[PDB]
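Chain naming here is simple, since letters A, B, ... match the order of the sequence lines and numbering starts at 1 in each. Remember, it's 1-based here, ligands and their atoms both numbered in the order they're listed.
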Amino acid sequence: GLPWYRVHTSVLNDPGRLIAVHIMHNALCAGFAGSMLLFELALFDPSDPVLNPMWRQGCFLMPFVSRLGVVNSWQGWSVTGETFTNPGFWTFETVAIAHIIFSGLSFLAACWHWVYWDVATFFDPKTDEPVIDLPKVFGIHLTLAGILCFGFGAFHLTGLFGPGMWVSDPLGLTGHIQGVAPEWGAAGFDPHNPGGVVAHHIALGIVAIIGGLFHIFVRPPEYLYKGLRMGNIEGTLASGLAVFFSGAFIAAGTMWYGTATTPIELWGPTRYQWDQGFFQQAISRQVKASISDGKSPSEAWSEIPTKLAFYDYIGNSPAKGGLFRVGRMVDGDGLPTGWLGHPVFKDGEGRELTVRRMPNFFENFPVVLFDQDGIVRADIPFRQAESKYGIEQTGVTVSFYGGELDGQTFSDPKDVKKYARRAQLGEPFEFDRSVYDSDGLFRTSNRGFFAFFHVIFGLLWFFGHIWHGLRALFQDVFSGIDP
Amino acid sequence: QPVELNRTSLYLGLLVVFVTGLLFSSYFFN
Amino acid sequence: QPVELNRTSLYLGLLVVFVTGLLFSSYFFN
Amino acid sequence: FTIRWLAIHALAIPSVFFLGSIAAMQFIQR
Amino acid sequence: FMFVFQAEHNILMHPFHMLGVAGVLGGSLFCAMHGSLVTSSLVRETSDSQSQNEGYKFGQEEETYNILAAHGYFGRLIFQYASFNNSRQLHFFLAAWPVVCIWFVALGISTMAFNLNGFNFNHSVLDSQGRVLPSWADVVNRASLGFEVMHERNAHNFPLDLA
Amino acid sequence: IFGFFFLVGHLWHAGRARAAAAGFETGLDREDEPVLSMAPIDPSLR
Amino acid sequence: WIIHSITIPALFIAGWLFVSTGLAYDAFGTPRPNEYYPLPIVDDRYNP
Amino acid sequence: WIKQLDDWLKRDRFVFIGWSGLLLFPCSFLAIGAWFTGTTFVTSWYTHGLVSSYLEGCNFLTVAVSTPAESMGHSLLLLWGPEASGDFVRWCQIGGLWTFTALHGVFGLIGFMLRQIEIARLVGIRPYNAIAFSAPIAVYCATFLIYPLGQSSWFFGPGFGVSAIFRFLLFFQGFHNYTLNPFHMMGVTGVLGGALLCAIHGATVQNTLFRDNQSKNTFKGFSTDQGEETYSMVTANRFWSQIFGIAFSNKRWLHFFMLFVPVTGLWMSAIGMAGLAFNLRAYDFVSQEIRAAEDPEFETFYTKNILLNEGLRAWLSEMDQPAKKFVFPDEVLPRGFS
Amino acid sequence: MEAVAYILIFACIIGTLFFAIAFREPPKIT
Amino acid sequence: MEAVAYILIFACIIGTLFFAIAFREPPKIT
Amino acid sequence: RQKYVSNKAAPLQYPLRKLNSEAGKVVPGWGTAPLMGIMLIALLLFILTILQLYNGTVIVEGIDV
Amino acid sequence: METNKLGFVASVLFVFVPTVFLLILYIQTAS
Amino acid sequence: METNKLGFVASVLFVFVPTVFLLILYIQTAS
Amino acid sequence: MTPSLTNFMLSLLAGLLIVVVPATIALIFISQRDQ
Ligand code: CLA
Ligand code: CLA
Ligand SMILES: CCCCCCCCCCCCCCCC(=O)OC[C@H](CO[C@@H]1O[C@H](CS(=O)(=O)O)[C@@H](O)[C@H](O)[C@H]1O)OC(=O)CCCCCCCCCCCCCCC
Ligand SMILES: CCCCCCCCCCCCCCCC(=O)OC[C@H](CO[C@@H]1O[C@H](CS(=O)(=O)O)[C@@H](O)[C@H](O)[C@H]1O)OC(=O)CCCCCCCCCCCCCCC
Ligand SMILES: CC1=C(/C=C/C(C)=C/C=C/C(C)=C/C=C/C=C(C)/C=C/C=C(C)/C=C/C2=C(C)CCCC2(C)C)C(C)(C)CCC1
Ligand SMILES: [Cl-]
């Protein structure tokens, strides 16, 4: 309690002050949630959900708020897009204001519990030393968690008495909020299945209600009371820190891999949707279906939605930003103003050329144009003194289908050399980097930042778990071993 | 017991703060 | 004798600082 | 057949085999 | 300097540098190991709400830790005739390991100063016909060649960058 | 390499020759330790 | 040196003959010195 | 009945078993063993297009248990799993031994930390060695597990061999600019300071010894049973105060510092690797990538590192990942005008 | 950012006012 | 203003180094 | 403390101490821990199978993987 | 609003450079 | 130089918000 | 009961007879005679 790194152990033997200092952590957490959402909304651009979604704008708390049910603001707008006039009561502001009011109430309650520490709840009847019954309290808490789980998954996610949850199509274009029926079969363990989430919470709510009832009427065995140091509250901290760091790793993994809980209208695409060309194959499949529906190439390629083309930007891969490229994604490439259309590069021999897209690994990539055979036919040279290939030496022309340059053909070396650079970054888009003073260097999404922070949290909570487990077991020898 | 911070701990803390800040300043500025 | 600052003097000092700063902020911003 | 006879052989019944194999590899013509 | 040196000398495949790496990483191992052992077997002198460092008084003659207990722990951790019983030998080893290995890696920099570079295993595993089967040393070469043809770009008028 | 090891070996024997002639190349005398008979370096200490 | 007189030989020769008879190449799927270029990076997961 | 086995495992033998020895000895023996099986016998030809065994012709520096095939993804590659279908050889050709070794190694590391805890509890000392061992496990989990999980596949993990690690180091510079990563700079600082502390503390102890013998061999001036300091902390404090300006005066703080320095360095480097799993890189300074591009005269050593990184990237990647089939013509490869 | 300074300073006056009423030093009779 | 931060922090390291040598807490023998 | 606050300053004081009153009470012997071991092997089997199922080591009809 | 830029940083050091001084003085009195 | 503007104010609060804490703790120890 | 599930259940049912209780039934025999 005397070293600076031990000072909060002054409440370790004072459970009224322990509750006080917990209610203060609650006040700070909720005040941070309220203030952060207010700051996330002062900086939010809701003008268009197609080219400026929340994941491009650095929205951290907004996806988590809107994933359950709170998508619309009191201003009219909605992250799904529709403006109206009666947005319920549970808007983006009401949530932040509820957390601010809760924070104020919790600050006052922590003040009360700091002052009135000596209440006869925290001292047993037989002696007067401060104690809390950890098995009993654990059972009560586990039961409370069980009802909250069961209810949240069976009434808020089902929508019986709740908003539902965000569901989406695989392409991530029809993102909306609806109540999801539970999925009890093998299909409930599909990561991209919201009924699995609903059924998980239901089943684990029954499980935690039963375990909490079992941890309120059955006292622990005498071997496991001394074995796991069940009288030591530090041991409870160690096991909770274990749950905390392994959840962080699971949360970070399911954010990086994408589950039904993190849909791409809120956190954007994963790096693994760019690695395998997920939206690229989706668009090619849709295009060829339209081509075989008796439509022209330009007519098929202009039914590709701008939101479906925008997912093929490598600038929207969350594995492309940097540790100290701070901020929102549009602080980097900029504000997208429109889809330039599918570029089709053709050599001087009239052969379909494809620019090799760049992977997530590469900060910059050699622009090399292949063909159906896959042999190099043009590229943007470096040595340019034995360069048998090259745009101007081979006369490569780019023709756009769809988008803003529908039907346009370019044959200038400067113009083909520019659009072959934009073709390796995926579907070419026009970027205005004047609105956000964008520096031009890619930034990761909120998906990437959350995953990376919660991995750091998993690592330090692994150590904190170890520290407190070792401190709980080796309590007798902390000051030293023996003379 | 009240909290302490002796002189040596103060100097150690000041250097770790100052050197860590000098390290991370270049990246906060970017 | 060592220096003191009791609680009342701390509160008085905080208010005089905070109110004086609120007064002169409008003119520092101009 | 005891604990002494297993913690000195599970590491060494393979190890002599590996060393014999690797000594044969010095005579492989590739 | 590190990258250009790897490109031009392949220090990673220099055995003096493998010794230097063993020395710095093992000196860190042995520093953490010796510190954790002396810290773990401390004699109880203090309370739990005060720093264990208050158990030592500057100039006290008594030994502040238990060599026997740390020794018994380390011996049970690996085997019997492994843990230093002696402390003078123990601290000579703490001195000798990183000092000797940093001597060797300074010497490695110094012989690469005369262009006596590290091990070379390019084109070393051949198939039946004679084709080079790539190894991991080949991949390290290929990355070192990456560094090699980009350093001092406007300053090599001939294809042979000598020393 | 030979120059470096022999500069090290020279430093070794220079220190050891000086210490062995002085009479303190086997350690500190517990009976009288020279730092215990020295005045403090700290300017405040009198 | 009695119960291990041939025990150390039999094992060592077993490893030697495991390499020398070619059973190692078939044991681990290792390419023989002329199976390298009759190059096949496996490109699919469930059926290598 | 159940107590008898507990009393068994806690016995005094040549090698302590313990309860942790059930999760340590069956895994470590496998992981270590699967390395020796791998680096002697199995090829990386079908995962990497390279040779990585003593049977191939490689030596100890250039053998590895290389990472799985890039098409295996983040599959566990169980022997009975679908990618092997029980077939041993097809499991070894696709890099299943890397996953065997890595999983058995992380469980061995858990078992060893449990062993350190168990032996501290049995003897009765504090568990600071397990705390210090949490830094190698943080580094192992960051480099071998968290990093390839954040990447495309297990392929981009580090191979279990010497030159595979050297490729990993140069890959991390060229693709990640990892020397510029400040968490790695603190890792380097922690490890170099740990080596400095190790050397300086050993030499200081050895040169402030007391005359507790008569012979010139001062290694016999110490007994295990004695309860007195074998070296003068006062003379050492005097020496380092008048050489370096500061010195330790607290022996316990000194030895806690010797713990704290390399462990926190190693943890900070693990934080840097956790960042490199998501490609969150300290690759560049935006101000200087800007200025060097508006000014073709602004050259710093950083701009010459960025150029060297591009040179590494383009001149490695076509044989580093052969599943990608990178085709770079000789005239887009960045040369420095040979 | 000029309103932010004013609101922060006003919050500092309000915090000082709360703490000087709620957590005030008790006046003891002699 | 980015060099100003670096020079100020370096001055803080130098001040801490001076004060931790010059005005250090004296090590008293027991 | 040996003196608690008034019931007017803390109304739920004694109504909530009944729950915090048997702190330290155990059942003698190994208790119900043999069932706890069965659940520690069953939940670890659940975690193993759900990881294998996510990972595509277990491809059962129902999981797209 | 054409306000002084440094008027923010003048406002906050005017009011927390003395404030920390007071807290230092108070805390060392209370301990 | 296109540097982060708040990188100045991030640099100085990163290094003096802890610093005053230490001085508070030291001063109350010394008194 | 896809093959990839049959092998999963079979690995359970086999490794229970590989290290789970070949080793435990040996620990009983070796703890009764090294009491
Ligand atoms: C039949 C009803 C039912 C259904 C349909 C489900 C369905 C689901 N449950 Mg489940 N559950 C149920 C009942 C049900 N549950 C009951 C009755 C219980 C009580 C035991 C549980 C307890 C439970 C838990 C604890 C979890 C689930 C999870 C899941 C989801 C797994 C998919 C996933 O994202 O993987 C995610 C997680 C895994 C695939 C397992 C990861 C475990 C890792 C491998 C441990 C090792 C990692 C280590 C700690 C850190 C790594 C460090 C470094 C090396 C990387 C899934 C939708 C998982 C989930 O929700 O994830 C978000 C989850 O963690 N359930
Ligand atoms: C639920 C999480 C949790 C809780 C309740 C505790 C609680 C405690 N820890 Mg602990 N710890 C944790 C996680 C946690 N820890 C983790 C994750 C790590 C690894 C990083 C540690 C490593 C650790 C060590 C090494 C020690 C403790 C100690 C202690 C005890 C003394 C309190 C103290 O240190 O105050 C003092 C702290 C300060 C006065 C200032 C610290 C300022 C920090 C570094 C910056 C604050 C950041 C920010 C404001 C917090 C937000 C975090 C955000 C990421 C959520 C106390 C019971 C000590 C102990 O064992 O008690 C005797 C001890 O030596 N912990
Ligand atoms: C909103 C952001 C702006 C903040 C503005 C507020 C400025 C406050 C400056 C400090 C004023 C208090 C000085 C000390 C008063 C006192 O000793 O109280 C002691 C009391 C107990 O009362 C006392 O208790 C004493 C015994 S004991 O404490 O219980 O042990 C007893 O002696 C005494 O009689 C009794 O009254 O409790 C405390 O410990 C107060 C210290 C809390 C630290 C100051 C508050 C920090 C801000 C909190 C909110 C965070 C904001 C987050 C957003 C940025
Ligand atoms: C350059 C700008 C950046 C500044 C960087 C420097 C940071 C320093 C942080 C504080 C470090 C010192 C902590 C206390 C040390 C100690 O107690 O010393 C006590 C000593 C006496 O020595 C002592 O005296 C004691 C008795 S007495 O003091 O003489 O009464 C005795 O007990 C003791 O043994 C003896 O050693 O003297 C002091 O009083 C030092 C306090 C001075 C305050 C700190 C310096 C402030 C900056 C000065 C320059 C202004 C810069 C202007 C430009 C912005
Ligand atoms: C009084 C009162 C009230 C009011 C309230 C309010 C108004 C509030 C609030 C609140 C708030 C407003 C809050 C908050 C928060 C926040 C937080 C809590 C945060 C944070 C942070 C952190 C934690 C961070 C840290 C850091 C940084 C800086 C970065 C990185 C690094 C580090 C980590 C260091 C009412 C009337 C209602 C009621 C009565 C009482
Ligand atoms: Cl260079």
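To the nearest 0.5 angstrom, K:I59 atom CD1 is 10.0 Å from K:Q52 atom CD.
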What short N/O contacts, under 3.5 Å, does ligand 1 make with the protein, listed by atom pair and distance?
unit_1, atom_1, unit_2, atom_2, d
ligand 1, 65 (N), A:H200, ND1, 3.4

Pairs of nitrogen or oxygen atoms, one from ligand 3 and one from the protein, closer than 3.5 Å: please tabulate them with distances.
unit_1, atom_1, unit_2, atom_2, d
ligand 3, 17 (O), C:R7, NH2, 3.1
ligand 3, 17 (O), L:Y26, OH, 3.4
ligand 3, 29 (O), A:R17, NH2, 3.0
ligand 3, 36 (O), C:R7, NH1, 3.2

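Between the side chains of E:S144 and E:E148, not a single donor N or O lies within less than 3.5 Å of an accepting N or O.
Ring planes of A:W256 and A:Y272: perpendicular class, angle over 60° (limits at 30 and 60°). Using the six-membered ring where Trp is involved, E:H151 and E:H156 have ring planes that are tilted, between 30° and 60° apart.
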(Q) Applying side-chain contact (heavy atoms from CB on, under 4.5 Å) to I:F18 and A:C111, what does each step give before you reach the verdict? (A) CA-CA 11 Å; I:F18 167 79; A:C111 289; 4.0 Å; yes
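Salt bridge absent: E:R153 and H:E310 never bring a charged side-chain N and a carboxylate O closer than 4.0 Å.
H:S75 meets the side-chain contact (heavy atoms from CB on, under 4.5 Å) test with G:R45, H:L77, H:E83, K:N55, K:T57; sequence neighbours excluded.
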I'd like a table of donor-acceptor pairs (distance under 3.5 Å, sequence neighbours excluded) in which one partner is a side-chain atom from residues 15-31 of chain L, with atom names and distances.
unit_1, atom_1, unit_2, atom_2, d
L:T19, OG1, L:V15, O, 2.5
L:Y26, OH, C:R7, NE, 3.1
L:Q28, OE1, M:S31, OG, 3.3
L:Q28, NE2, C:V3, O, 2.9
L:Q28, NE2, L:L25, O, 3.0
L:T29, OG1, C:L5, N, 2.6
L:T29, OG1, C:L5, O, 3.4
L:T29, OG1, L:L25, O, 2.5
L:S31, OG, L:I27, O, 3.2
L:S31, OG, M:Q28, O, 3.1
L:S31, OG, M:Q28, OE1, 3.3

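By the neighbour-count criterion of 12 heavy atoms within 6.0 Å, atom CE of K:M36 is densely surrounded, having more than that number from other residues, nucleotides or ligands.
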